[PDB]
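Have a look at the structure below, then the notes.
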Protein chains: 2
Amino acid sequence: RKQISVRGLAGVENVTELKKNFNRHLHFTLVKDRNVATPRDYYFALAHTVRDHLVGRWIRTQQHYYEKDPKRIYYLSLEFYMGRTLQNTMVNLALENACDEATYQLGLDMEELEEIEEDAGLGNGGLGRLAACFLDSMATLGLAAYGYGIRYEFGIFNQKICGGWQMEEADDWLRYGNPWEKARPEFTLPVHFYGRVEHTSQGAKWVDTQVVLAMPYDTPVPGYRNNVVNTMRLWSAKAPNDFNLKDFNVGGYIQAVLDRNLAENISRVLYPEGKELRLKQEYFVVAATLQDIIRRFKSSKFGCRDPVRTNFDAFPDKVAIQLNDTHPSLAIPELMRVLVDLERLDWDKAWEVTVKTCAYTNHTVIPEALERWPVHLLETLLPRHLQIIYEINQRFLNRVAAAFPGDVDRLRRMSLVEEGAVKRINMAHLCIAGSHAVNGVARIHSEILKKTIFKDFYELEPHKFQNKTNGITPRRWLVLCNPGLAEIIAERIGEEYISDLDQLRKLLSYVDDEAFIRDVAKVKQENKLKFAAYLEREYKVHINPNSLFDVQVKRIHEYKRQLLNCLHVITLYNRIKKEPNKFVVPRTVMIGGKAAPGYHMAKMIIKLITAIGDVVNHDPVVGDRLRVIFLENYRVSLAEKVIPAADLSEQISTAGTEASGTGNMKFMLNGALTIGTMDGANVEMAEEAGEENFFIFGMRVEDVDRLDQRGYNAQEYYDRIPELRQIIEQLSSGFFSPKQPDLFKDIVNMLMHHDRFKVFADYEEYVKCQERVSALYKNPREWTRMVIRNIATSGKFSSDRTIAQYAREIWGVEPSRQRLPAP
Amino acid sequence: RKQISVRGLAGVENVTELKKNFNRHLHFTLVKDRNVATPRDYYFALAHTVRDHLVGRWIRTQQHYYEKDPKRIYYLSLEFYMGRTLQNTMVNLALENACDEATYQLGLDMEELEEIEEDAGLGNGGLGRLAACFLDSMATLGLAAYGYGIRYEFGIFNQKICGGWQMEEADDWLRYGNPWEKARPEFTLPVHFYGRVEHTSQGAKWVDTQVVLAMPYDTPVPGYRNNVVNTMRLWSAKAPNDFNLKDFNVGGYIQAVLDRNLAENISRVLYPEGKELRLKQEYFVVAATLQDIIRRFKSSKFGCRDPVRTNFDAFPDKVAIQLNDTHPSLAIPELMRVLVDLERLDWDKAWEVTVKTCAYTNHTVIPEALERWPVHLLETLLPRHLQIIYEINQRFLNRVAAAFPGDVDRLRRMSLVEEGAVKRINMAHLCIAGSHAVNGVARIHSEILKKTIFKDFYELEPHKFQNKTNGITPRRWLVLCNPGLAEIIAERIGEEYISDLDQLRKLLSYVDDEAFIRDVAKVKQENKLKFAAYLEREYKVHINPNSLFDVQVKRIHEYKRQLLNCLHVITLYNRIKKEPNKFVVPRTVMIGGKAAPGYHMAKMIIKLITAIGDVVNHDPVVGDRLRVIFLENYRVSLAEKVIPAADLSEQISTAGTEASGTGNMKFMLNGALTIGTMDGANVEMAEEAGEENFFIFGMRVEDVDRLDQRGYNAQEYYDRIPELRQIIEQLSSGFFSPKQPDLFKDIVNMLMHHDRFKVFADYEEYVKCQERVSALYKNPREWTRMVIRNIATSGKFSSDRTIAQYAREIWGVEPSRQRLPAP
Ligand SMILES: O=c1[nH]cnc2c1ncn2[C@@H]1O[C@H](COP(=O)(O)O)[C@@H](O)[C@H]1O
Ligand SMILES: O=c1[nH]cnc2c1ncn2[C@@H]1O[C@H](COP(=O)(O)O)[C@@H](O)[C@H]1O
Ligand SMILES: *Cc1c(COP(=O)(O)OP(=O)(O)O)cnc(C)c1O
Ligand SMILES: *Cc1c(COP(=O)(O)OP(=O)(O)O)cnc(C)c1O
């Protein structure tokens, strides 16, 4: 027993012990051989050789949190955009240099193998990239945290462009195993759907439920060389498999083969309206988590630390639960029904707990997008939770009456129950009311929350509405994807920046140092060459390495604006062709992101960007002076290839729309210049960088508002501006689509007659700020120094900071970049 | 590359290294530590610590067959009855000693661990056990042998006895997985169902087919200390999972939810009439299997060795296919289809290869069991193979026209299509016609296939009909279950016997030596003591470890006549009550079997068998002289426990009914004397041991036919025998059944009016035999020496001989007990 220990099983940075484990895993773990193995096979030998090291420190970290029993923090997200784990674990564990030497002497190439990894198909965008950033900060800052989500077998679609139209293939990333996860069938747990609630004697009982099972999966998150490793625990839904003879529902009719497949596809796909499945997913991820939580509260030495009920008095002391946007809101009534009904605390002792345990991050501005289930839907698959949301609600509206007596119309606005045709439950209001700290994700967002969206909630409980500005981690997003820029930053000011990003302001001392200024420049010339190379070798084009890499990687939605960028492209194209011998600084325009199935505007925008691409790229006058590439299937591992490469980062949303913008910061720390309207995270970036270092343009929010107030009439702009006029008529006569003239019709009329987002208004000014971009790029010394200024200022944006601001003002816990001993 | 090698990966029988790998797997493979490891957890780390030694010589064995390129033979069977692998892998790998000592030091008990393992639910009976002894023998005699077949998730049922009535529970043995298998998602193959045959130009083209993917798992089977390890490849079904939006079958309707579950439970359930799922399961295994076979033929250094087509000319020199029973039969129409439609050989060359490739083992005697499929089922799901099977039939019936011209009635008796109401295709005739060796399984059984059942085929091709008498393997069924007998046989004659069993004849020189006699009776006393203990500790009873241990462990069918034996037990009962003080040899009668859900006699029988025992084992005058126990959920782990203990082997099937009987042979080998009719396997074991040393009795097969001839009129017996007349009236009045008198009413009538197997005929003489039995028992020295003659004559029944004969006589390859160098 004490002889069965984690202890003599490594020597780490040792090429000869990593070579001997690489050989044990190909053979014994994979049961393959060198006569029969593939690159996929050699990646799982190595994936497994790095994994041994990662779980050793996983074991010791978790033992060390049971024995020190700290406050535990549960990040609850319905999306975890991890993406690729091999190089990151080697960079956070110190093994990259020894893995590379050992594989190299085993006659293979790590860069090959690295590129066989499938991106962890668990996210689709922002909301999820961010949780995965915060897990890296959370593990580095010694915190005792947990990521909890649904594990999606089919990710969210793969993008393929066929005839310049987006096709959605499916992502089965799980296709040859995922070497980084450990399936725990032994901790499967019931999740209860439907039923009826029987009020028996001392409580209600939620009886006659269908059950789905929630099976957990453990993937370990390491911290930047601080020897802790925390946990990502994702839940697969699985059918009871009795459906055969056992139950005597069956035998006679197996049409309960439908429970089975409608059980199993809670875990099967990301999304992608008021659908029974979405709410089955939110309940499911929330329910199986809350048990696993309450379990460690009772179990984690606190069984013996009962002093009263294993008291839920010290439950908020040792637990926090973050509900990242309204997607886990039912963890508030689900916690209340476990406490009230299963344990037995009275309603107010349990409420005390709930509101001192839950905190909620908000990431939406337009009210048209806050969460909202119909009540009949809630009646039908969660009876007792619609009961609880009604009691939470009656109390809350009386609290409001203890505060603004006489105001009726406030009661009929701060209710969790919305009236119309179809009464709903407003999950936003739940979340505010059931928690102790609400925080938006940019200062202008948190403040417009307080000021407009959650105002009445601000007046009754002003103390709650915090803010925590969004952040990126310096590891994946500067050490790991841009090792070259990191190298020279360490040459001047050392490592500490990796684990402490405001230290990068020291770089302003070098602003005029010619060595630094040739070195930052060189590293980008490296990074562009390499991406220009991939732009032939996986997908195809003839990129010029010397052009201005202009990139817009943003979700393809109408407000997000690539239609602005297209008209500026067809303005350049048109210019180059009207005077084929003027010097125009050459540009590589690259746009990427995924439409969203069935949003057809979004789909005509992917078809425009490609047809433009087929004309400008193939016309001979334009030479190599302009090219328009659609980067296909944009995703986290493409993002770390292209962001190192870009020199201009098109941030151009109509102002007032964006909330924040985590990839904005990915371009700034990675030596690009942002052109952008003033909104979301452009503001605290411009503010850190000093506005003159930034290409801010366009209407500001107030100007949007005035235009609305007198009403935007898109024909006036169409009638002033002679270029705009022309490009519109080119779309329309099918200059860009000869076979189908009429093909962009709907994009003409969108523009011409119902632009909710004022493309034509920010036109004139947009191109003039581009002229200011072209014009500076044609003087390499000063452009490279504006870049030094954006980079030495990054600091305000590391997720190690945004997290500390969670730790201290919200979870109430202290971060610590202390090495834990280990291995 | 060349430095990626198996070489430095194991310092085997070394306790200090096995402790090391233990701790690697508990932690790194299971991602568990001693603070949270269960006995399952420690069971799995040990599984894996032993597995590393396995896969290492899997390795070496399989590299060696590729370099050497031997005839490698594919053993196809739809049920592989494996049961627990650990001790069997250690003993075979010689690791048992160092692992026990190792776990002893780690302070774990290996025996507590070895009982966690679930009994590999791939099998059901004889057909399946036979496949597992044959795979052991094929390793030991280093053949390039593959076992192929489906992976059943749900085994078959795990029985429970609730109130003396049988309950089938399900075997979800794969619940916490299986440490001995490697998933190969890499080699997932399509298998097509339904479709339509487009006769296009140079052939036929099977189009519009539904697909079911076969994904394979690999399991290693080790030899007896020879370092060859062979493969067991079991197939699992996986529906294609585009079923969401991709295909445009769906979106609109996902009612092809059904496709994906009707696909999935191909692999789910063992069976357990003309049900499309059996036919889809059988074709499932054939198709996947043969694509692996031809994949390995063209790959296995023969892609280099083409000379013509990568010709199938030499296919029978490198492949042997064994059709174990009629479940694999579409192997003959599927190998033609591939050869003829997919490659392009013509029908007479392709047929040449099939017949020289295919060989067929029959295990049935009664024509009523042979398998037969409606042509309307085969047209619907395999419409192409119905074609091939008719052309196979036509051309075979012209061969028969060659040979017996003028004959009309043989054409129609011999034909593959069968007429009546429901036109059938006779699968046994397919096999004979496209196989080059048809064989039975005991001498008599192969002769009555030659003489009655297949005789018109025996005339056209008398060369075809072989016999290869079954076998039991000495590793698992003597060494493993019985160490104590293993050991004392080894002092006297050495270890070669375990891999050479006929030399157990050497023992016959020690017949009168009292040291052997004594030792030989000591080990049984050991074995009985321990089995007596297991009958209290796991299940409960107060066995008298000195009693004559009478066990019948056979399939609860009428023809298996446990009822016979019950008439005899009730007889013993009645005597001990009539004559309280006469000296009677104390016995403990133990019966065991799984009913067969749906067969109502068998369910009524286990009921008898429990309540006889409720009566007698509680009744005060019988004391401890008689007890009757039912051995619940008989499976392989129970066989290796009760077959070591047994003194009397109850082998009583009506004669003419058995084809063979492998528990028969197991019992002989462990010094248990046989009471038994002159049937099945009993015949050649009587012939080995000498009839003086066998308790033969009851109506020989001749006498059966005579009794049928004139008519078995059971009442005559009732009316001669006063014990028989009495025990019938005891069953009937309710003596055994006082709360429902009338319960055994349908057993009493059966016996009395329509016993298809004549229990009453052999009653008188059966119990006369039984009296001989108890007499000899009451005479140790002469009891214990009959045993010695029996054990010493066991040689003909080691499966090593059955395979050696298959090897030389049907497959065309040489045996060799040579130790591959390795590890
Ligand atoms: O009370 C304990 N003492 C020591 N180690 C523990 C204890 N509880 C859990 N562990 C470790 O904690 C890990 C994570 O467990 P979880 O937090 O319960 O999911 C396990 O793999 C063990 O390594
Ligand atoms: O061409 C080969 N040379 C040497 N060993 C081979 C070759 N092909 C396969 N093997 C071995 O054969 C094993 C089984 O491959 P399979 O029989 O093709 O399924 C591999 O694990 C290797 O050990
Ligand atoms: C960081 C990141 C993101 C986050 O993207 P954005 O906030 O810039 O814009 P929206 O998509 O409009 O929210 C998205 N995708 C990837 C790959 C990534 O690394
Ligand atoms: C050897 C064996 C068998 C085989 O049983 P038999 O061949 O003796 O006769 P039937 O019972 O009629 O098939 C079945 N099950 C186990 C566990 C076993 O070891």
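Ligands are numbered from 1 in the order shown, residues from 1 within each chain, and chains are lettered A, B, ... in the order they appear in the structure tokens.
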Give me the chain B side of the contact with chain A, cut-off 7 Å, one line per residue showing its nearest atom pair and distance in Å at one decimal, counting only C-alpha atoms, sorted by chain and residue number, as a tab-separated table.
residue	atom	partner	partner_atom	distance
B:1	CA	A:107	CA	5.2
B:3	CA	A:106	CA	6.2
B:4	CA	A:23	CA	6.0
B:5	CA	A:23	CA	6.6
B:6	CA	A:27	CA	7.0
B:9	CA	A:24	CA	6.7
B:23	CA	A:4	CA	6.0
B:24	CA	A:9	CA	6.8
B:27	CA	A:6	CA	6.8
B:28	CA	A:52	CA	5.5
B:31	CA	A:55	CA	6.7
B:34	CA	A:4	CA	6.4
B:52	CA	A:28	CA	5.8
B:55	CA	A:28	CA	6.3
B:106	CA	A:3	CA	6.2
B:107	CA	A:1	CA	6.2
B:176	CA	A:185	CA	6.2
B:185	CA	A:176	CA	5.9
B:186	CA	A:176	CA	6.8
Can you check which parts of chain B lie within 9 Å of ligand 4? Per residue, the shortest pair of atoms and distance in Å to one decimal, counting only C-alpha atoms and all ligand atoms, sorted by chain and number, as CSV.
residue,atom,partner,partner_atom_place_in_ligand_line,distance
B:81,CA,ligand 4,16 (C),8.1
B:83,CA,ligand 4,17 (C),8.3
B:124,CA,ligand 4,15 (N),7.1
B:125,CA,ligand 4,14 (C),4.6
B:126,CA,ligand 4,4 (C),4.3
B:127,CA,ligand 4,13 (O),7.9
B:128,CA,ligand 4,14 (C),8.2
B:129,CA,ligand 4,2 (C),6.1
B:130,CA,ligand 4,1 (C),7.9
B:472,CA,ligand 4,1 (C),7.8
B:477,CA,ligand 4,19 (O),8.6
B:552,CA,ligand 4,11 (O),8.9
B:553,CA,ligand 4,11 (O),6.3
B:554,CA,ligand 4,11 (O),3.3
B:555,CA,ligand 4,11 (O),4.2
B:556,CA,ligand 4,11 (O),7.8
B:557,CA,ligand 4,12 (O),8.2
B:560,CA,ligand 4,12 (O),6.7
B:593,CA,ligand 4,11 (O),7.5
B:634,CA,ligand 4,17 (C),6.1
B:635,CA,ligand 4,17 (C),3.9
B:636,CA,ligand 4,17 (C),3.6
B:637,CA,ligand 4,17 (C),7.0
B:638,CA,ligand 4,17 (C),6.8
B:639,CA,ligand 4,19 (O),4.8
B:640,CA,ligand 4,19 (O),7.0
B:643,CA,ligand 4,19 (O),8.7
B:651,CA,ligand 4,8 (O),8.0
B:653,CA,ligand 4,12 (O),8.7
B:658,CA,ligand 4,12 (O),8.0
B:660,CA,ligand 4,7 (O),7.1
B:661,CA,ligand 4,7 (O),3.9
B:662,CA,ligand 4,7 (O),4.1
B:663,CA,ligand 4,8 (O),3.6
B:664,CA,ligand 4,8 (O),5.7
B:665,CA,ligand 4,8 (O),8.3
B:666,CA,ligand 4,1 (C),6.9
Notebook entry, point to check: Near residue 166 in chain A, within 8 Å and counting only C-alpha atoms, which residues show up once chain neighbours fewer than 5 positions away are dropped, as an NGL selection string?
Noted result: :A and (159-161 or 595 or 603 or 606-607)
Writing out the chosen residues with N, CA, C and O atoms as a CSV table (one decimal), in the first residue's frame:
chain,number,residue,atom,x,y,z
A,159,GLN,N,-15.5,23.2,-42.3
A,159,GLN,CA,-15.9,24.0,-43.4
A,159,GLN,C,-15.0,23.6,-44.6
A,159,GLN,O,-13.8,23.2,-44.5
A,160,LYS,N,-15.7,23.5,-45.7
A,160,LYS,CA,-15.2,23.2,-46.9
A,160,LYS,C,-15.9,24.1,-47.9
A,160,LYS,O,-17.1,24.4,-47.8
A,161,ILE,N,-15.1,24.8,-48.8
A,161,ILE,CA,-15.6,25.7,-49.8
A,161,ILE,C,-15.7,25.0,-51.2
A,161,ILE,O,-14.6,24.6,-51.8
A,595,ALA,N,-19.9,30.8,-41.8
A,595,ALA,CA,-21.2,31.4,-42.0
A,595,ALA,C,-22.2,31.3,-40.9
A,595,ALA,O,-22.6,32.3,-40.3
A,603,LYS,N,-24.0,33.1,-46.0
A,603,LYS,CA,-23.6,32.3,-47.1
A,603,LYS,C,-23.3,33.1,-48.4
A,603,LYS,O,-22.4,32.8,-49.1
A,606,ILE,N,-19.7,34.6,-48.0
A,606,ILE,CA,-18.6,33.7,-48.4
A,606,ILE,C,-18.7,33.6,-49.9
A,606,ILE,O,-17.6,33.6,-50.5
A,607,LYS,N,-19.8,33.5,-50.7
A,607,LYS,CA,-19.7,33.4,-52.1
A,607,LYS,C,-19.1,34.7,-52.7
A,607,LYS,O,-18.6,34.6,-53.9
Range 202-217 of chain B: which residues within 10 Å, counting only C-alpha atoms, same-chain residues fewer than 6 positions away excluded, as an MDAnalysis selection string? chainID B and resid 148:151 180:196 231:240 259:260 262:264 266:267 284:285 287:289 337 340:342 344 346 381:385 387
Query raised in the report: Pick the closest to ligand 1 from A:699, A:18, A:397, A:229: which is it, counting only C-alpha atoms and all ligand atoms?
Result: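 Looking at the shortest contact to ligand 1, the residue is A:229.
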Quiz item: Quick one: residues within 12 Å of residue 399 in chain B, only C-alpha atoms counted, chain neighbours fewer than 3 positions away excluded, as a PyMOL selection string?
Solution: chain B and resi 392-396+402-405+407+410-411+414-415+433+457+459-461
Between A:297, A:531, A:454, A:351, smallest distance to ligand 1 by only C-alpha atoms and all ligand atoms belongs to A:297
Just list as a list in words whatever in range 663-732 of chain A DSSP marks as strand (DSSP E).
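The strand (DSSP E) subset of range 663-732 of chain A is residues 673, 674, 675, 676, 677, 695, 696 and 697 of chain A.
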Keeping only N, CA, C and O atoms, write the selected residues to a file as a PDB file, in the first residue's frame.
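Everything below was put into again-v2.pdb:
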ATOM      1  N   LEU A 673      -0.896  45.815 -36.846  1.00  0.00           N
ATOM      2  CA  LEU A 673      -1.569  47.034 -36.525  1.00  0.00           C
ATOM      3  C   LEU A 673      -3.010  46.764 -36.804  1.00  0.00           C
ATOM      4  O   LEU A 673      -3.234  46.197 -37.875  1.00  0.00           O
ATOM      5  N   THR A 674      -3.939  47.175 -35.910  1.00  0.00           N
ATOM      6  CA  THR A 674      -5.411  47.020 -35.921  1.00  0.00           C
ATOM      7  C   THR A 674      -5.917  48.261 -36.584  1.00  0.00           C
ATOM      8  O   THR A 674      -5.400  49.332 -36.303  1.00  0.00           O
ATOM      9  N   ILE A 675      -6.808  48.118 -37.523  1.00  0.00           N
ATOM     10  CA  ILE A 675      -7.612  49.190 -38.097  1.00  0.00           C
ATOM     11  C   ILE A 675      -8.975  48.797 -37.471  1.00  0.00           C
ATOM     12  O   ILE A 675      -9.208  47.601 -37.314  1.00  0.00           O
ATOM     13  N   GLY A 676      -9.941  49.621 -37.072  1.00  0.00           N
ATOM     14  CA  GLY A 676     -11.071  49.117 -36.294  1.00  0.00           C
ATOM     15  C   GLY A 676     -12.098  50.201 -36.032  1.00  0.00           C
ATOM     16  O   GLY A 676     -11.671  51.343 -36.184  1.00  0.00           O
ATOM     17  N   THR A 677     -13.405  50.051 -35.759  1.00  0.00           N
ATOM     18  CA  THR A 677     -14.183  51.223 -35.419  1.00  0.00           C
ATOM     19  C   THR A 677     -13.951  51.382 -33.934  1.00  0.00           C
ATOM     20  O   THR A 677     -13.274  50.523 -33.314  1.00  0.00           O
ATOM     21  N   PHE A 695      -5.477  52.454 -35.912  1.00  0.00           N
ATOM     22  CA  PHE A 695      -6.149  53.030 -37.046  1.00  0.00           C
ATOM     23  C   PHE A 695      -7.637  53.215 -36.858  1.00  0.00           C
ATOM     24  O   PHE A 695      -8.485  52.794 -37.678  1.00  0.00           O
ATOM     25  N   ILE A 696      -8.001  53.901 -35.783  1.00  0.00           N
ATOM     26  CA  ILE A 696      -9.423  54.056 -35.517  1.00  0.00           C
ATOM     27  C   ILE A 696     -10.157  54.912 -36.554  1.00  0.00           C
ATOM     28  O   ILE A 696      -9.737  55.984 -36.980  1.00  0.00           O
ATOM     29  N   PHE A 697     -11.304  54.467 -36.966  1.00  0.00           N
ATOM     30  CA  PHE A 697     -12.066  55.144 -37.963  1.00  0.00           C
ATOM     31  C   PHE A 697     -13.555  54.900 -37.621  1.00  0.00           C
ATOM     32  O   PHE A 697     -13.979  54.348 -36.587  1.00  0.00           O
TER      33      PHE A 697
END
List every residue of chain A that has an atom at most 8 Å from any atom of ligand 1, giving for each one its closest atom pair and the distance in Å to one decimal, counting only C-alpha atoms and all ligand atoms, sorted by chain and then by ascending residue number, as JSON lines.
{"residue": "A:58", "atom": "CA", "partner": "ligand 1", "partner_atom_place_in_ligand_line": "23 (O)", "distance": 7.6}
{"residue": "A:59", "atom": "CA", "partner": "ligand 1", "partner_atom_place_in_ligand_line": "23 (O)", "distance": 4.6}
{"residue": "A:60", "atom": "CA", "partner": "ligand 1", "partner_atom_place_in_ligand_line": "23 (O)", "distance": 7.0}
{"residue": "A:62", "atom": "CA", "partner": "ligand 1", "partner_atom_place_in_ligand_line": "12 (O)", "distance": 4.6}
{"residue": "A:63", "atom": "CA", "partner": "ligand 1", "partner_atom_place_in_ligand_line": "5 (N)", "distance": 4.0}
{"residue": "A:64", "atom": "CA", "partner": "ligand 1", "partner_atom_place_in_ligand_line": "5 (N)", "distance": 7.5}
{"residue": "A:65", "atom": "CA", "partner": "ligand 1", "partner_atom_place_in_ligand_line": "12 (O)", "distance": 7.9}
{"residue": "A:66", "atom": "CA", "partner": "ligand 1", "partner_atom_place_in_ligand_line": "1 (O)", "distance": 5.3}
{"residue": "A:67", "atom": "CA", "partner": "ligand 1", "partner_atom_place_in_ligand_line": "3 (N)", "distance": 6.5}
{"residue": "A:292", "atom": "CA", "partner": "ligand 1", "partner_atom_place_in_ligand_line": "19 (O)", "distance": 7.5}
{"residue": "A:295", "atom": "CA", "partner": "ligand 1", "partner_atom_place_in_ligand_line": "18 (O)", "distance": 7.9}
{"residue": "A:296", "atom": "CA", "partner": "ligand 1", "partner_atom_place_in_ligand_line": "18 (O)", "distance": 6.0}
{"residue": "A:299", "atom": "CA", "partner": "ligand 1", "partner_atom_place_in_ligand_line": "1 (O)", "distance": 7.3}
{"residue": "A:300", "atom": "CA", "partner": "ligand 1", "partner_atom_place_in_ligand_line": "1 (O)", "distance": 5.9}
{"residue": "A:301", "atom": "CA", "partner": "ligand 1", "partner_atom_place_in_ligand_line": "1 (O)", "distance": 6.3}
**Asked** Could you name the residues that touch residue 605 in chain B at 10 Å or less, counting only C-alpha atoms, but leaving out those on the same chain fewer than 2 positions away, as a PyMOL selection string?
**Response** chain B and resi 165+556-558+561-563+566+595+600-603+607-610+744+747
Just N, CA and C atoms for this one: save the residues we selected as a short mmCIF file (atom, residue, chain, number, x, y, z; two decimals), in the first residue's frame.
data_model
loop_
_atom_site.label_atom_id
_atom_site.label_comp_id
_atom_site.auth_asym_id
_atom_site.auth_seq_id
_atom_site.Cartn_x
_atom_site.Cartn_y
_atom_site.Cartn_z
N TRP B 165 -36.88 -20.46 -9.51
CA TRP B 165 -37.16 -20.26 -10.93
C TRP B 165 -35.99 -19.47 -11.44
N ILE B 556 -29.55 -27.75 -19.90
CA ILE B 556 -30.85 -28.28 -19.39
C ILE B 556 -31.84 -28.64 -20.53
N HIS B 557 -31.57 -29.54 -21.46
CA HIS B 557 -32.56 -30.02 -22.43
C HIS B 557 -33.14 -31.36 -21.97
N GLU B 558 -34.34 -31.76 -22.39
CA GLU B 558 -34.94 -33.06 -22.10
C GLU B 558 -34.00 -34.22 -22.42
N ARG B 561 -31.30 -35.41 -20.30
CA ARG B 561 -31.82 -36.19 -19.19
C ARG B 561 -31.34 -35.91 -17.76
N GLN B 562 -31.40 -34.66 -17.31
CA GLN B 562 -31.19 -34.39 -15.88
C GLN B 562 -32.36 -35.00 -15.13
N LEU B 563 -33.52 -35.08 -15.79
CA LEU B 563 -34.70 -35.65 -15.18
C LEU B 563 -34.40 -37.07 -14.74
N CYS B 566 -32.77 -37.05 -11.73
CA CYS B 566 -33.64 -36.67 -10.65
C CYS B 566 -34.42 -37.89 -10.19
N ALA B 595 -30.99 -22.83 -18.53
CA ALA B 595 -32.21 -23.25 -19.21
C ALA B 595 -32.26 -23.04 -20.68
N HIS B 600 -39.85 -23.86 -21.98
CA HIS B 600 -40.60 -24.17 -20.73
C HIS B 600 -40.33 -25.50 -20.02
N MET B 601 -39.93 -26.63 -20.64
CA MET B 601 -39.60 -27.83 -19.87
C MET B 601 -38.43 -27.42 -19.04
N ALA B 602 -37.29 -27.02 -19.65
CA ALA B 602 -36.08 -26.68 -18.92
C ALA B 602 -36.44 -25.75 -17.72
N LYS B 603 -37.26 -24.70 -17.88
CA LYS B 603 -37.62 -23.92 -16.70
C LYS B 603 -38.34 -24.75 -15.64
N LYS B 607 -36.76 -26.02 -11.55
CA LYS B 607 -37.71 -25.94 -10.45
C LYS B 607 -37.74 -27.29 -9.70
N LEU B 608 -37.91 -28.42 -10.38
CA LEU B 608 -37.87 -29.71 -9.75
C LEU B 608 -36.62 -29.82 -8.92
N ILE B 609 -35.50 -29.68 -9.63
CA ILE B 609 -34.17 -29.82 -9.08
C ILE B 609 -34.07 -28.91 -7.91
N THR B 610 -34.71 -27.76 -7.73
CA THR B 610 -34.40 -27.02 -6.50
C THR B 610 -35.18 -27.59 -5.32
N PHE B 744 -45.83 -29.85 -10.94
CA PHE B 744 -45.12 -30.67 -11.89
C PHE B 744 -46.00 -31.56 -12.80
N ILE B 747 -44.63 -32.14 -16.22
CA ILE B 747 -43.40 -32.96 -16.29
C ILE B 747 -43.87 -34.39 -16.14
#
> Contacts of range 781-797 of chain B at 9 Å or less, counting only C-alpha atoms, minus same-chain residues fewer than 3 places along, as a PyMOL selection string?
Replying inline: chain B and resi 469-473+500-508+510-512+514+516-518+520-521+662+665-666+668-673+684-685+688-690+692-694+776-778+800-802
Residue 144 in chain B proximity check over B:811, B:248, B:624, B:390, using only C-alpha atoms: winner is B:811
Report task. Go through B:220, B:484, B:598, B:738 and flag the residue nearest ligand 2, using only C-alpha atoms and all ligand atoms for the distances. Result ->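 That would be B:220, the residue with the smallest distance to ligand 2.
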query = Using only C-alpha atoms, which residue out of A:73, A:444, A:767, A:314 lies closest to residue 679 in chain A?
reply =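 That would be A:444, the residue with the smallest distance to residue 679 in chain A.
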